[PDB]
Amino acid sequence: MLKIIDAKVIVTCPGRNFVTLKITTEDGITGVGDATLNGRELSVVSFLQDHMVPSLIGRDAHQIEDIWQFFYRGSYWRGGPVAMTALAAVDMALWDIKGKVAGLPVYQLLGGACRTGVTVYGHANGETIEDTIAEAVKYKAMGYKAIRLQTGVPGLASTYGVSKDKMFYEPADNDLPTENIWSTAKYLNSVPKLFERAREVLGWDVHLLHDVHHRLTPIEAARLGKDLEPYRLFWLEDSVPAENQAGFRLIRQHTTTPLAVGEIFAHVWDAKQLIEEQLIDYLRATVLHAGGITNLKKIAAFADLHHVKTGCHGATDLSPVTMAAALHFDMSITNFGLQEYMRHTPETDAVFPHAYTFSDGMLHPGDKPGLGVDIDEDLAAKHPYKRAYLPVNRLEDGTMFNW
C-alpha cells in the first residue's frame, strides 16, 4: 500500500506557463504529472486543487486504473479538455510513482522497448518559401529525419506557425488573444509550391509534414491533399475541424495524402469514428490532453486494429513532464508513427530536470526509475504565472473563424 499523503499543484512560467501536480506518498516517494492547458491554465489548477485533490488523500497510489475511473466517472459530467487534462496529471504522477516502486523506467512496465529511440520531427518556418526551405536545410543538418514546413501566405500578414522563433513556435504571445485575418483561397493557391521546392532542395528521404491548423472544409482539404500528392508528405494535419468525424470521409475519398488529426482530443470518443472507418493514418492525441498513459495506451491498441499509428502532439505547451511520459508511451507500442518535438527554453529545462536525451534525430526517455523527470520547486517559484492567450482568427469579412 502506497498511501498518498499530499498532492500539490505548482504553477510556473519559465518562458511560458506550466502547471504540474506533485503527489507525495507516505514513505516519501513522489510523482509528477503535467496539467498545462494552454490559455486556460487556471481552470485546470482549480479542477485539481479545489475538486479532485481532496479525494486523492489517503488513497493507495498503486491503484492507477481505479483512481482513473474514480475521477473519470465520478465527476458526473464526463470528459472535456479541462477534466481530462487534470486527470492526465494524476495518471502521469501515479505511473511515475509505480516505476519508482518497481525500480524501473515507466516504459518497462508498458511492454518494454519496441525500438532504439523515438523519431521526432522539427519545425521549419519562414515568411517566404525560400525562408522556410533555408530552415529545413538547417533541420536536416541537425540530423532530423522528419521536418514540418510552414510558410507565409502571400497576401496575408500572418498565418499559423510562422514567427521569429525557429526551433519552436510559441503562439500564446499576448495578454489578450492576438487577432489574425484569414483567406482560404490565398492559402490553397500558394502552399503546394512550398512542397515542390522542398523536394527539389531536400530530396525524397526526409519526411515532410504540414499542419493545416483547422482552416479548411472537407472538399477543400480533399483538393489540398490531391495537390500535395506529388510531394509524398508524411502527413497532412488537422485539415478540418473534426467534431463532425464523417467530414474526413470526403477527404479520404479524394486523396491518398496521409492524414493526421487530434492534438485537441480529450477522449477516445473524439476519434472513434475516424479510427474505425480508417479515415486517418496518425492520431495526434497526447498523454496530456487525452487522460494520461492509462487512456492513450487503450486508444493506441484500438488504433492498431485499423492501421492507425501514433503521432503525438509535442508543442511547447506540453511540459518536459508530458514529454517524459510521452516518450515512455512511445517506446512501448508497436504502432508508433512519429513524435513531435518543439524545443523548450533553457529556463524550462532547468525548472524540469529530466533524463530524456536527443541524439541522431531520436529522443530516448533514459533508464531512471519512474518517468525520469521532476520539478525544481525553488526554481519554479522564481517564475510567476503570466496570463497569455492563444491567438484567434477571422475571415476577411470579420467572421469568427478557427485559429
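All residue numbers are counted from 1 along the displayed sequence.
Trainee: Going by the average Cα B-factor in the PDB entry, point out whether 62 to 70 or 25 to 33 comes out higher.
Mentor: Higher mean C-alpha B-factor in the PDB entry: 25 to 33.
Trainee: Could you check the entry and say whether 155 to 163 or 252 to 260 has the higher mean CA B-factor?
Mentor: Stretch with the greater average CA B-factor: 155 to 163.
Trainee: Just to confirm, going by the entry's C-alpha B-factors, which of 226, 78, 267, 148 comes out highest?
Mentor: Each of 226, 78, 267, 148 was compared by C-alpha B-factor; the highest is 78.
Trainee: Looking at 281, 91, 211, 131, which has the highest Cα B-factor in the entry?
Mentor: The C-alpha B-factor peaks, among 281, 91, 211, 131, at 131.
Trainee: Quick one: classify residue 358 as lowest, middle or highest third of the chain based on its Cα B-factor.
Mentor: Highest third, going by the recorded CA B-factors of the chain.
Trainee: Which third, lowest, middle or highest, does the CA B-factor of residue 301 fall in along this chain?
Mentor: Tercile = middle for this residue's CA B-factor.
Trainee: Is the Cα B-factor recorded for residue 173 in the lowest, middle or highest third of its chain?
Mentor: For residue 173, whose C-alpha B-factor we compare with every modelled residue in the chain, the answer is the highest third.
Trainee: Using the temperature factors of the C-alpha atoms in this entry, rank residue 351 within its chain: lowest, middle or highest third.
Mentor: CA B-factor rank for residue 351: highest third.
Trainee: Ranking the modelled residues of this chain by C-alpha B-factor as given in the entry, is residue 126 in the lowest, middle or highest third?
Mentor: Highest third, going by the recorded CA B-factors of the chain.
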